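1. compute the structure for the input listed below.
(8 chains, ligands or ions: 8)
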Amino acid sequence: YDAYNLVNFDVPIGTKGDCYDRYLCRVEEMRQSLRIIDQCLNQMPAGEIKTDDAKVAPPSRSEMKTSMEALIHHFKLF
Amino acid sequence: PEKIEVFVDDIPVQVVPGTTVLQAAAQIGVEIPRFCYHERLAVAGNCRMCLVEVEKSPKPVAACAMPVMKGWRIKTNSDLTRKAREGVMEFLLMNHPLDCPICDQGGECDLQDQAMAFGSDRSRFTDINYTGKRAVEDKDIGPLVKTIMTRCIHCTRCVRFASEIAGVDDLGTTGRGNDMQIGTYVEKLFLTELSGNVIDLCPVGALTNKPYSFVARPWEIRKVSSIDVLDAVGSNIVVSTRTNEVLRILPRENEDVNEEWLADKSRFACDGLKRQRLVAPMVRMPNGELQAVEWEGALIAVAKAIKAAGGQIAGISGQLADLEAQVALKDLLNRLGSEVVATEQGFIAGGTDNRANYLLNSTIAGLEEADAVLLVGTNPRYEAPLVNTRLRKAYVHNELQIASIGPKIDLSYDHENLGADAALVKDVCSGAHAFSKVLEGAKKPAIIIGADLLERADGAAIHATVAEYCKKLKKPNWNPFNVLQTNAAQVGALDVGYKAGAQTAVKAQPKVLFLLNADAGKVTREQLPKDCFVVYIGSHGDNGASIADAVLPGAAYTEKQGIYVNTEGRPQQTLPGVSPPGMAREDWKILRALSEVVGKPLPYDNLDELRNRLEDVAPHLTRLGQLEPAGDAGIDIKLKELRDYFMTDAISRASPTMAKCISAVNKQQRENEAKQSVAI
Amino acid sequence: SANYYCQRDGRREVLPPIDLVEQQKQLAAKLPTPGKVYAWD
Amino acid sequence: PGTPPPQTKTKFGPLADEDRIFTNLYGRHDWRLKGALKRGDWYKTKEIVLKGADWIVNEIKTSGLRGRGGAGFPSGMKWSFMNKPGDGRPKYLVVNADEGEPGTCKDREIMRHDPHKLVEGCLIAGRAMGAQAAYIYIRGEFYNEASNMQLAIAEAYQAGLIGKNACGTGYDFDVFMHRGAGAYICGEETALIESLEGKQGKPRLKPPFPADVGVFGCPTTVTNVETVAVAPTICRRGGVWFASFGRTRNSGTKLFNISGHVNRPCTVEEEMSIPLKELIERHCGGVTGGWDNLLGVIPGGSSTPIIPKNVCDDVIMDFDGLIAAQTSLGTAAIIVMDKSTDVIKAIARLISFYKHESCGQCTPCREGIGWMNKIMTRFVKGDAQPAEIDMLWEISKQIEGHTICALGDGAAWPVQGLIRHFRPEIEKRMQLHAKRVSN
Amino acid sequence: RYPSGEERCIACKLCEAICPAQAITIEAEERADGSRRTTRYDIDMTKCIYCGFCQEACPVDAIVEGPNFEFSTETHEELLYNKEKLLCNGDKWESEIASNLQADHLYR
Amino acid sequence: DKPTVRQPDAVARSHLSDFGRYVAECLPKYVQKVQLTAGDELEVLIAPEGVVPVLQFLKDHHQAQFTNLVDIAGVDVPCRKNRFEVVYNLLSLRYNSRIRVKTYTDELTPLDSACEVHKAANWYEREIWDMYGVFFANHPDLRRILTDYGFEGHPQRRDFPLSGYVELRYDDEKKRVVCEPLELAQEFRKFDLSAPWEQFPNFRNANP
Amino acid sequence: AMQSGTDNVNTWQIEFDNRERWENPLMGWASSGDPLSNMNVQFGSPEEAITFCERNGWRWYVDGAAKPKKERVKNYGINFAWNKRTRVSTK
Amino acid sequence: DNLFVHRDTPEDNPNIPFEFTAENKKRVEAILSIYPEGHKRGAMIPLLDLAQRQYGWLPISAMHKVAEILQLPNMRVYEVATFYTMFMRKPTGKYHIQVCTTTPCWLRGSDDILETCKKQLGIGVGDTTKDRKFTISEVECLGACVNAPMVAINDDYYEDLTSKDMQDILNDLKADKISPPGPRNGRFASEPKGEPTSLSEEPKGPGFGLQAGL
Ligand SMILES: Cc1cc2nc3c(=O)[nH]c(=O)nc-3n(C[C@H](O)[C@H](O)[C@H](O)COP(=O)(O)O)c2cc1C
Ligand code: SF4
Ligand code: SF4
Ligand code: SF4
Ligand code: SF4
Ligand code: SF4
Ligand code: FES
Ligand code: FES
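-> Residues are numbered from 1 along each chain as shown, chains lettered A, B, ... in the order given. Ligands and ions are numbered 1, 2, ... in the order given. And now the structure:
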């Protein structure tokens, strides 16, 4: 979900099932999240932030203060 | 009239011929978006939102003006229909102003909801940085209508409602092309008793409620269903209450009573619920002026005056009194040894026994099927204007000939004025008159008599003879005898057994004269004796409370739950929108508490046993919304102008909107008189 | 140009759920698994 | 039954002066009643209106006469809609007479020079559909033409040819008059119904037809001046002489007027299915600067799309050949444009004409026509992005077919033709403006 | 407020419609010159969750999240903000709010 | 191409359709209807007498190891005759899939507890009992898990008010936190956010 | 009545009677001690609402049944008619 | 800069009167008698234009007189006279020059004609002179499009114009002399100029081309 298939990481797996294995799994999750963060800063596309269906997402404030359909959708969706 | 087979949305339907594609699709549930088609107006094509795709056709068809034939396949959810609706709607949205945050119809605009439902999501209008958009000047309409024609989409709903139902020709569309403007060519006041409905009929909001200017928003509104008591129709309304405040009054849908319309006195009386209200019980001190007195002291003062009266008491019903308040007053007077009760508006002698003497026996829904109607001393467009809308519909749709007996009146349609002589109606009962042949030759004839003509000294005689004429002309499932009584409380009071006429309580010489919400001023201090403890149980008290000795407060029709019976005899129930201001209570609760203070309490404690006693006195006074038809029934007009129409009731008298309307109408009258007299 | 909402309409392409028993009955006129086998050992 | 016979003729170019329906088009003879009586007009009218309405409508159906006012709807089947028995309401023949399409001026010349043909055709067509009155709606611009028509109507009343006992046949037919004031939307059939009823403008919707509800709530037929004026020649010369000209479906004789960028402007009467180059080159001169200097032609008025030189080099000018050349014929108006003038300002002038002459009832025609006027003004100026062109095409696809009458269709068509043909002209002008504003 | 001095809030009530804790109460009447501007604009800051939906739902830039957060009160009623308190906050904090809106409007 | 429209997963559609026909064939006594919704989710609509034998089946079969039970959800729809519906969401780690098992239950009619099948139903079936009154028979201990100890009523029914019936305040006469009838300082402003125009024509006749 | 849509009309609902709403002494807010003023419960038919009201012990009443059918005909040809009073004057 | 709403101009108020001449009253009666009874509203357009045959332009008093004649309220006459373009609600001079701007007239140089007339009179478009003598307005197609550079002065067509030719015409009109209508290049009516390519032969009389059986 949400570009987790475009990033590469390892999954911490414990053996004993005690608190020490869960603590080591959590700190290893903190270690692998650093390389997911590294991949996310390494590849980031230049594009829009919201979906462009204006009936499910609020439009830009310039379009709201300039155009009519964006003002109607801003009024309705808010 | 065999039905034909139409496949709409690949779904079979059997429709009678002559119906539109929009009706044939609304028979199964799917609705086509519309701007220039109302169900009660003429069909037109000033917008093109009704373009639906029928199969094997080159062009889309306008669904609100398409007589469908045998075996058409209509595709509402096709790609061509959605592309056509998106294109036509972005054309509608090209020049419209970005006024939604400062527009009072925002949140209930049809353009916003159809832009979310059927329009596109963005604008392709790149020409707003240069050459701009269209802007037009605001037209000068009076104090009921706020006009900004920049928001208008030119659908001519207002023009069609003025030309057909309202009857005034002052509205029209001027010019050609983008410059068409939907407004009057000159600065004129669009005066009509049905002007408020145009605010309902504008789909976008170019025409706006001017009393309801910038007050609230549609999602903020709590909507409560009730009835209006200002006119005789008993029209179903919805009241906009938000945070203990009455905002506006809108029509409610019923085909039998109002048909989605509302009079101006019915609609713009919400401003009168704030001015001149009664918030404290007031007792007349021996100094000479009324002072605000707590509830227990006022109740024991009225009880002391009742015990000092010794059974010589009387009570008069009101113009705007509740049915349950009248029942509580009658039970209090009958339990205290008084057999006399009264009503402000008089009636004939002996008409209380049969219901059809005092009912509009032909249905308001049936009056649109009339063929020839005779008005005996009434002006229906100022007494009960929705009856005049029904008569206007029967005028335009059926070949109707109407004659009026009395002075010169305008009915918004043509009519033959027989004269102001009384005995001419006997000529209508003689058969020698020319309109009598039209009345006997009609398929569904009717005769309407005003209540003010029945209050006069001839009265029952004029009530008798035309009733005999009705016994000469009757059709199955049709009662042609009709009476139109302006007071909403009159029919309920005569249902529960009120002796009509304030003179019946004047001539009884009461020591304590009870009054309900009565501001007609038919009784004064000069007709009353030297000592008379006048107790006024009302809501406003502009008149009839200055002469009272114990001014008790009360709740208005939007602040209490009660029954009102309209002129046709159909009982309806109002609902409490807001709380009463101050320490005002309901009138039946006040009368029950007064009976408990006096020492002879009424048996009912809550509203349910009061409704049970209503079943005990009349079985047709509890079936709300259901009309029981009655059997057979056995010249000057006080209301002939609009300024006479504006201030009939107490709530309309206390309102500043009606005073502003009379000021604007009189200003236009002196302006027209000065421009006419400067040419002489 | 060439942008129509109905070609890219996300909300209006949602259908009611398909009755899977009746789908076979109206379309007919290695054991089945609910997904691929994942070895979590 | 009546059918158009097949043509079986290859070349439609040359004609003879004896086959001219309007022998006094240029007004070299007397326009009054004596000139018409010595010119063969008003001859055998009594027997034509005495032989019955079915024979007249069968003659019109046999000749295959189509519409001459802007539509390809054939006139005989249109006239056959009022052979139904009446329901107690009077029947009306209404001849529309506005010709407000730019380039369209033939029937004005028939008003000024051959009015008795129009009056005799009105009597013949009113006999053919059972009508007893004729309403002709002149514009207020044509004041001398309306004076000439009223003088001819007064001469026909004095001669006893119309009115009570028209041509000694016992048929009553009074030809009335109406003068509208400067509306191009008047000229549409239902708009001219609503203008004869006293309302303004505003065409009515289709399924109540003019043959059904019509003028004053009475059934009528709206016909062109040219169709009515050629009706006595069809009824007199037989059903095969009129069908011997043109092709099979498109048989007739049409007044073609050539205007703009020619050394001799032209208002000829010509056979249908003539080639365009032969029609320009035979009579009335030709394109200024030669045929190689020709940029484009508009084969109709402002309702029809433009065609360029390479398309119009081999265009046969009937209805069906022009539809095969992707443009409507409509009314006849040949606007010739050479390479010395830009097409963009002229198409913007046509769209500004449609913006000025729309009645404003329909919302796509009220709003999008002003939108297309703004976009065409920017295209004249050059201040637009390349994308707007195809988007402007989309605006045409949101106006064509979505409106009440065909003024929206007739305004979406020439921009469609301009985008289809002269798109590199728009791109070159816009690139020139971009290089002007960038540097 | 506008640079001319008129208050920005046109009583359009999208902020109260979008306020998830429903802190904002707006009551509006027509003013003497015909403007739409409010008679009552109350924000319950003990109910306000500081989510910023009102400034996104404001068509004009009337309601705004100021830079101030040192506004702890001794008394519960003093956090019931009136229209005059909000207008005084707009008068006091106008420079930093205008700088933040100038440096942040192209992101929104 | 449409990049603003979510593309469904076909390999989660075909496998779930084949498995839905499989579970309809294996249990005709309890399963009334299987449906594959938009979003590639499979729903099984069982009888109330088949709560235990269906959820056991999906627990222990070789072709369906729905051994994880993530949540038991109660929905109160007061229009229907059996107003409550109970939704068991099951996750299969072996076949990497999800299923939803839905049943209908009235407040007086008990339901079979799935605590013998999945032990997470030891607590989730309490929560619905705390919020709807759905009695789960043969439960280990069916107590009140989330609301107050003196709370009378089930709050997440649609016939229960939003602000409740009572409030709590400290009484320094009784020296304790006492219970009072509800009086709000500002009432809940009910917004009428109803769409007068229908926006989905595909859901117009989805009720029969 | 200011809208022509009817998608919010077809659903029946039950509601409770309005109670006392008063001005707050401190601020201008509206306060109500009624817990059930904001609770409207949707139903698809009146009879299911009757069953719900009798099952939960509430004292019920019905405001009014729905209108069965209003037969209306809309003809475009009546706007332009001969010897009829339904002829329009505008367009 | 036309306005589709009416303001209380001292030259356009309803205070000033407007009565039909007794010579024009029989024309009003004949125009009313052309159209059938019950539908006299169709006599509206040849009535208001008839006011332009008496007054020069159309005031609001003429609108009120037409509404009084037709026994219908004023707003129908208002909207009909506002829709059409010849009903000049503004003051208009003695000669109303109409210069066509549309494409078949624009192709042969109507812009030079418009600029020449604007230099000759010194007024903008849609505006009258100070002495109410000349009025200009850009106008759409009028017909007679064979003669492209035309103008229309007081419903008279002045065709086939040149800038020098219309300068001579305006110099004749300024000195009160009348000017003949028609094309200015020696051409009588609409025809090919120079050679009789069509209708050169004599027209055939009656009795020619008659089918058998008539
Ligand atoms: C906007 C518009 C304007 C028209 N103007 C004219 C006109 O000036 N003259 C004309 O004869 N037909 C005109 N027509 C065509 C008429 O609607 C009608 O088709 C024709 O006059 C009669 O057809 P006919 O030639 O088959 O008899 C116009 C059509 C439209 C849509
Ligand atoms: S009329 Fe409707 S679309 Fe126009 S500004 Fe008002 S709310 Fe917005
Ligand atoms: S003012 Fe309103 S009702 Fe009248 S045409 Fe305009 S949008 Fe329609
Ligand atoms: S297409 Fe335009 S010009 Fe024709 S009726 Fe529609 S609104 Fe009038
Ligand atoms: S603060 Fe903003 S969103 Fe709220 S009412 Fe005022 S202008 Fe509208
Ligand atoms: S930031 Fe505060 S006032 Fe604004 S919407 Fe959120 S909670 Fe409401
Ligand atoms: S409402 Fe049907 S086309 Fe306008
Ligand atoms: S285009 Fe100029 S008169 Fe026709």
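
2. what about the residue nearest to residue D:313 when sequence neighbours are not counted, how many neighbours?
-> Closest residue to residue D:313 apart from its sequence neighbours, by Cβ to Cβ, 6 or more residues apart in numbering or on different chains: residue D:277 at 6.4 Å. No exception for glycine: its C-beta is placed from N, CA and C like everyone else's. Other residues near residue D:277 come to 16 when the count uses other Cβ atoms under 10 Å in any protein chain shown.

3. residue D:277 against residue D:292, yeah?
-> No - using Cβ atoms under 8 Å, residue D:277 is not in contact with residue D:292, being 12.0 Å away.

4. element containing the residue nearest to residue D:313?
-> With secondary structure defined by DSSP states H and E, residue D:277 is part of helix D:276-282.

5. cool, residue F:127 as well?
-> With DSSP H and E as the criterion, residue F:127 is inside helix F:121-131.

6. which elements pack onto that helix?
-> strand F:68-76, strand F:136-137 (3 or more Cβ pairs under 8 Å, 6 or more residues apart in numbering or on different chains; DSSP states H and E).

7. near chain D, which residues of chain B show up?
-> Selection of chain B residues close to chain D by Cβ under 8 Å from any Cβ of the partner chain yields B:45-48, B:51, B:58-60, B:62, B:65-67, B:83-84, B:87-88, B:90-92, B:94-95, B:124-127, B:130-131, B:134, B:153-154, B:175-180.

8. so of these, which ones are in helices?
-> B:83-84, B:87-88, B:90-92 (DSSP state H).

9. restrict the residues you listed to contacts with chain C.
-> Of these, the ones that also sit near chain C (Cβ under 8 Å from any Cβ) are residue B:83.

10. who wins for neighbours among the ones in helices among the residues of chain B next to chain D?
-> Highest count within these by other Cβ under 10 Å belongs to residue B:88, 29 neighbours.

11. any idea how far that residue lies from residue B:45?
-> For residue B:88, the distance to residue B:45 equals 11 Å [Cβ to Cβ, to the nearest Å].

12. can you tell me the element residue H:138 falls in?
-> Going by DSSP H and E, residue H:138 is in strand H:134-139.

13. C-alpha coordinates for that strand, PDB please?
-> Output of strand H:134-139 as PDB, limited to C-alpha atoms (Å, rounded to 0.1, in the frame of the first residue of the first chain):
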ATOM      1  CA  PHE H 134     -26.300  62.400 -38.600                       C
ATOM      2  CA  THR H 135     -26.300  59.100 -36.700                       C
ATOM      3  CA  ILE H 136     -23.800  56.200 -37.200                       C
ATOM      4  CA  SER H 137     -24.000  52.600 -36.000                       C
ATOM      5  CA  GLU H 138     -22.100  49.400 -36.900                       C
ATOM      6  CA  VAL H 139     -24.700  46.900 -38.200                       C
END
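
14. so that strand, near chain B or not?
-> No - Strand H:134-139 does not reach chain B (Cβ under 8 Å from any Cβ); its nearest approach is 14.0 Å.

15. so that strand, near ligand 8 or not?
-> No - figure legend: strand H:134-139 not in contact with ligand 8 (Cβ under 6 Å from any ligand atom); closest approach 8.3 Å.

16. buried sites along that strand?
-> H:134-137, H:139 (16 or more other Cβ atoms under 10 Å in any protein chain shown).

17. so what touches it?
-> Strand H:134-139 is contacted by residues H:85, H:92-101, H:114, H:117-118, H:121, H:123, H:125-129, H:152 when judged by Cβ atoms under 8 Å, 6 or more residues apart in numbering or on different chains.

18. restricted to strands, list those residues.
-> H:95-100, H:152 (DSSP state E).

19. as a check, name the ranges of all helices in chain E.
-> Under DSSP H, chain E gives helices at E:14-18, E:53-56, E:83-92, E:94-102.

20. highest mean neighbour count out of those?
-> Sort the helices of chain E by mean neighbour count, taking mean count of other Cβ atoms under 10 Å in any protein chain shown, and helix E:14-18 sits at the top with a mean of 22.

21. what comes into contact with that one?
-> A:75, A:78, B:101, B:217, B:219-220, E:22, E:24-26, E:53-54, E:56-59, E:63, F:191.

22. can you name the residue of chain H nearest chain F?
-> Among all residues of chain H, residue H:79 sits closest to chain F, at 32.8 Å; criterion: Cβ to the nearest Cβ.

23. that residue - that's part of a strand, no?
-> No - if the criterion is DSSP: H, G, I helix; E, B strand; the rest coil, then residue H:79 is helix and not within a strand.

24. how many residues are close by residue 61?
-> You didn't say which chain, so I picked chain A. Burial measure for residue A:61: 18 neighbouring residues, criterion other Cβ under 10 Å.

25. let's do chain E instead
-> Other residues lying near residue E:61 total 17 when counted by other Cβ under 10 Å.

26. from chain G, how far out is it?
-> 26 Å (Cβ to the nearest Cβ, to the nearest Å).

27. hmm, back to that, JSON lines for the helices of chain E, including distance to residue D:243?
-> As requested, the helices of chain E are exported to JSON lines (distance: least, Cβ to Cβ, whole Å):
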{"stretch": "helix E:14-18", "distance to residue D:243": "71"}
{"stretch": "helix E:53-56", "distance to residue D:243": "74"}
{"stretch": "helix E:83-92", "distance to residue D:243": "85"}
{"stretch": "helix E:94-102", "distance to residue D:243": "79"}
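
28. out of the ones you listed, the one nearest ligand 7 is which?
-> helix E:14-18 (29.3 Å; Cβ to the nearest ligand atom).

29. that closest one near ligand 2 at all?
-> No - against ligand 2, helix E:14-18 shows no contacts by Cβ under 6 Å from any ligand atom, the least distance being 12.4 Å.

30. that helix: how far from the chain's middle?
-> 12 Å (Cα atoms, centre = their mean, to the nearest Å).

31. then that helix to CSV, C-alphas only?
-> The C-alpha trace of helix E:14-18 is given here as CSV (Å, rounded to 0.1, in the frame of the first residue of the first chain):
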residue,chain,number,x,y,z
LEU,E,14,-18.2,27.3,6.0
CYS,E,15,-15.9,27.4,9.1
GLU,E,16,-18.7,26.5,11.5
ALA,E,17,-19.9,23.8,9.0
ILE,E,18,-16.4,22.4,8.8
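
32. spit out the contact partners of the residue of chain C found nearest ligand 8.
-> With Cβ to the nearest ligand atom as the measure, residue C:1 is the residue of chain C nearest to ligand 8, at 32.1 Å. Counting by Cβ under 8 Å, 6+ apart, residue C:1 touches D:387-388, D:390-391, D:393-394.

33. please apply the same query to residue A:74.
-> Counted by Cβ under 8 Å, 6+ apart, residue A:74 has contacts A:58-59, A:64, E:57, E:59.

34. how about residue D:195?
-> D:137, D:178, D:180, D:183, D:186, D:201, H:45.

35. just the residues you listed: which are in helices?
-> Per DSSP H, the subset of the contacts of residue D:195 in helices is residue H:45.

36. how about the contacts of residue D:195 in JSON lines, adding neighbour count?
-> Below are the contacts of residue D:195 laid out as JSON lines (neighbours: other Cβ atoms under 10 Å in any protein chain shown):
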{"residue": "D:137", "neighbour count": "23"}
{"residue": "D:178", "neighbour count": "21"}
{"residue": "D:180", "neighbour count": "27"}
{"residue": "D:183", "neighbour count": "27"}
{"residue": "D:186", "neighbour count": "29"}
{"residue": "D:201", "neighbour count": "25"}
{"residue": "H:45", "neighbour count": "28"}
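
37. show me the contacts of residue D:195 that map onto strands.
-> Short answer: the contacts of residue D:195 in strands (DSSP E) are D:137, D:178.

38. and the two most separated of the contacts of residue D:195?
-> D:178 and D:201 (14.5 Å; Cβ to Cβ).

39. can you count the residues close to the residue lying closest to residue B:90 once chain neighbours are set aside?
-> Closest residue in space to residue B:90, ignoring its immediate chain neighbours: residue B:120 at 5.5 Å, by Cβ to Cβ, 6+ apart. Neighbours of residue B:120 under the rule other Cβ under 10 Å: 22.
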